[PDB]
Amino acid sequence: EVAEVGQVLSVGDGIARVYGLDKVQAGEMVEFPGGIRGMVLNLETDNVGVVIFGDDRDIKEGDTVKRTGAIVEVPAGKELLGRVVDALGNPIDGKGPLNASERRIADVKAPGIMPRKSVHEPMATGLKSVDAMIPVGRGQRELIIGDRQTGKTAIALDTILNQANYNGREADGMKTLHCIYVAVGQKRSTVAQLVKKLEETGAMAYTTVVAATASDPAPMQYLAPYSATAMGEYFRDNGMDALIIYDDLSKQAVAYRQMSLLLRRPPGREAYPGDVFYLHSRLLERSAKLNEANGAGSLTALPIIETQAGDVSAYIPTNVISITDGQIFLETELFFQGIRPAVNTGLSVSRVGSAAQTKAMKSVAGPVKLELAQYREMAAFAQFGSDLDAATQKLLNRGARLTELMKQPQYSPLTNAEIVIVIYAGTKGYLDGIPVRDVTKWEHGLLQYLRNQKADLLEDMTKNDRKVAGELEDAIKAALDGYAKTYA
């Protein structure tokens, strides 16, 4: 007829102008002929602007558009663990139906002021740089930002892989961190390779992948972060912990800009829509730490932004920096030189800080970011080749070794206990008599020594979290002395 049904006037570029649909509400899902879904964004006087989630080349002017009578919602629950889905929650891994027992609205208002609790629990990436210098907590939002090929995706994947060491321990005071990876505008092949790594390590067991690839239409790229957040909110709202990774939000903003301009909405700054900040702010506000009265669950976010030529002053980067609780800036010049993870110590920060660390980590990690920022400043000064006094030389020698200690390859996360001892070793002068060349070699042997010869010390630090002082410090000193004798 006209009220509950409409007629397609025009169609193209993932958008459709539809006559009729008088009783359709804004943001409502609609059905096109061949099972193709779409969302109503523009209610106009003489038409309805629809953003199309499926393939638009099938649709032709004249077709029947039908109301679903519901706002865009997606499946959720533990049934999505192990699975790869699109932005609407349809599986794309060929492993049969999802069979979810719950459904959630994709784009929703974040929890208010009262149900929250201060972030006080570690969300361990397993990387020495991040966990010691820019520690992420459960319920925090921590931006990962930098150019292409600065290792942003690799940091996020390592974080997911690290959780296996602490997961499935619903007994020793350890909630499982369920992971949600969101691919937005990546190549299909790049996602397949990431999934392949998750499955072969076993990390797929506790992970859900949501994919809106470069080949998928812009409305799926726009939606995927919201839909995946709703999937993450299942855990947060039912007394469980989750992690979500938006890889990346630069392409969600690009997708949003395309849809908006195709709906003839006005251009804002850099041609993005006027509320492009609100796009990301309402998303990231949904990541939170709830109090005991609301189940004590949490959703942590690692949003990713791609800069161009290190331009962190750009518009979309500036927006997301002003949203999150600190950032990890990965730099091209450091990456080019093999300093990986390529953490710029001066620009990177965690606003949560020590609250997101263990007592052990807190007791040794404190001065490390400042020392490494100062070191890099001094090394830059040393290039000029003016006179360096003995005190300056001592810092350069120390910081060069600390730089090597912060280097870390892919797929090789360390536990909290392991990082604490490595940080202790560097800061207390145990590598001073070891050449700069051989620091990573020296570290590799130490970790093997610690895992084989002092597993009891590592398990003791894990379960009985204390500051590195008194008896625990003697055990760490002895462990390092013991290792020093094997290396000699």
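All residue numbers are counted from 1 along the displayed sequence.
Q: Return whichever of 97-105 and 241-249 has the greater mean Cα B factor according to the PDB record.
A: Mean B over CA atoms: larger for 97-105.
Q: Higher average CA B factor in the deposited record is what I'm after, so tell me if that's 55-63 or 427-435.
A: 55-63 has the higher mean C-alpha B-factor.
Q: When you compare the CA B-factors of 85, 343, 71, 132 as listed in the entry, which one comes out on top?
A: Out of 85, 343, 71, 132, the record gives the largest C-alpha B-factor to 71.
Q: Quick check for you: using the entry's CA B-factors within this chain, is residue 278 in the lowest, middle or highest third?
A: Lowest third, going by the recorded CA B-factors of the chain.
Q: Relative to the other modelled residues in the chain, which third contains the C-alpha temperature factor of residue 140: lowest, middle or highest?
A: Ranked within chain, residue 140 CA B lands in the lowest tercile.
Q: Comparing against every modelled residue in the chain, figure out the third that the C-alpha B-factor of residue 200 lands in (lowest, middle or highest).
A: Ranked within chain, residue 200 CA B lands in the highest tercile.
Q: Could you place residue 120 in the lowest, middle or highest third of its chain by Cα temperature factor, using the values in the record?
A: Middle third, going by the recorded CA B-factors of the chain.
Q: Residue 311: which third of its chain by C-alpha temperature factor?
A: Tercile = middle for this residue's CA B-factor.
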